[PDB]
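Comments concern the structure below.
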Amino acid sequence: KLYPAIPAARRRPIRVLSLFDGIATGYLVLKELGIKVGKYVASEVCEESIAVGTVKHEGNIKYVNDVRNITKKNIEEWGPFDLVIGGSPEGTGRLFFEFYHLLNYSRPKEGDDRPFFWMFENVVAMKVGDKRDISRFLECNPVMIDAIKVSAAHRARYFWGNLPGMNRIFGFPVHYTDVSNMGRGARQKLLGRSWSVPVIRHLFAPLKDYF
Amino acid sequence: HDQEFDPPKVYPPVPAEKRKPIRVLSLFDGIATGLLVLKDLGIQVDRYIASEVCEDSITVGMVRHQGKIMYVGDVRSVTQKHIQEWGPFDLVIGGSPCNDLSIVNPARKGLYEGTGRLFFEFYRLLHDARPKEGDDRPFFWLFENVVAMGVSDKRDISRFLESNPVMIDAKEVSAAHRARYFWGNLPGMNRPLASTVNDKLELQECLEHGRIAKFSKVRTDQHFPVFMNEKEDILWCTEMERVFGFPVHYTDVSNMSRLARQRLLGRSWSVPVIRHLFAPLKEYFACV
Ligand SMILES: Nc1ncnc2c1ncn2[C@@H]1O[C@H](CSCC[C@H](N)C(=O)O)[C@@H](O)[C@H]1O
């Protein structure tokens, strides 16, 4: 699947629909991508990551009190979203089908040529039935990005989305992984478990060319 | 319970000169109750597509509808291409299997197990069969489920389908005790139960000869609800079809046992309840 490219002179802000993220990954990582993000949406049931997100990011974020409250009016009121991301923190299928239900209402209709980009990531604890059924739901096939060629600790994720540069060209990055963090046990709990830095900048890499 | 708030979309009535027959997608058909009710109301059916797995239910449909039903296999085999190549649909119906949705199980697995998550398959086919913006075609949909669900499960279903679940109890129109939730956007979704005089309200009208009803109605003591020759006897399958509103001798289609007919009739819809629900479609679509 290939889409035609817009010229990069059209500098428009990015509308981000981030789902079940908790700690605001998309707003911060898009601030340090080098482009201006327009508005960010955050919502999570748990209170710890909401406290971290309301202390850290200085309140430039539209917050929703619960993920069980967003309707279609909440989608069309805060503008059509150009970027829709699901950031992973029996609620696994709960978080996925919340993401898919809100992705169905943020998808552009037949007639809109808007460049729509989305992203879903999930752990390797997935059942074979979950794998084939969810691959039927999204009508796509994910790619395995692993931390055996890039890192020491084990991190393996499979990615769905509309983000190119994901078939054969991508190998292992060298600079940002070795300048990211130092490996200690508390840091293994905080930034080694963190899924914000490693691949998400590469998945947001082909988005700054359009805007 | 007012947790969510959304107005139901009411479609304008189409006159008789632009009147067309119905195209019906029936996801979890089972016993073909929907097409039975549609044929009983005298509505022209241009296309009926049932995505059924169980071969006994497929046999019920092939006997009772004579090859009118277009069969699909599992609902997971249906894609968006199959929806867009089979024409635009006018009525989408279904009831997911409530093996893990029912709270009568002590060890229930919930909404997100392979018996419950098939509902989301429905939603996916609800997303594919729904017309895009700008199309004023009357599109109707109906989801059925049991009353014995959790608060969070029913809340998530009501949020996902974006409709108010009306509760309908079979005792107001038939001789069965089952309350079911109905999501949908049919006109008169919560209008009261117009009991038809042709419908068998009491239990004794559903019995055969020589049998006396012990109760007033049946449910879905170590005794039996029917006396027969001063002896407690098991409720018959054809009598169960008369209770559930089906025509007489409906689910006798193959060489299946008593337990298979119980498993089919238990999961089936109530014919009078559907007849009430499908009733206002008669003025929106073709008549025969
Ligand atoms: N994955 C699946 N896809 C389609 N049908 C399925 C299915 N899994 C089970 N079924 C069948 O579909 C039916 C759903 S059970 C409820 C049936 C519905 N209330 C009715 O009107 O009869 C069951 O009879 C079951 O045998």
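Sequential numbering from 1, following the chain as shown.
The header says electron microscopy, 2.9 Å.
Cβ from N, Cα, C; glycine included.
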Can you tell which of B:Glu4, B:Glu52, B:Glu55 Swiss-Prot lists as binding S-adenosyl-L-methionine with B:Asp29, B:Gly30, B:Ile31, B:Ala32, B:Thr33, B:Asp74, B:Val75, B:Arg76, B:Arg267, B:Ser268, B:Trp269?
B:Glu52
Please report the Cα separation of B:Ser268 (S-adenosyl-L-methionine binding site) and B:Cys98 (active site) in Å, rounded to an integer.
12
How many Å separate the two farthest-apart Cα atoms among the S-adenosyl-L-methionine-binding residues B:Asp29, B:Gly30, B:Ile31, B:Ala32, B:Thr33, B:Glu52, B:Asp74, B:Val75, B:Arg76, B:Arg267, B:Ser268, B:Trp269?
22
C-alpha of B:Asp29 (S-adenosyl-L-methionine binding site) to C-alpha of B:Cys98 (active site): distance in Å?
14
Could you state the CA-to-CA distance between B:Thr33 (S-adenosyl-L-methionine binding site) and B:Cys98 (active site) to the nearest Å?
17
May I ask which of the recorded positions B:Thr33, B:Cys98, B:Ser268 have a CB within less than 6 Å of any atom of ligand 1, listed in sequence order?
B:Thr33, B:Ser268
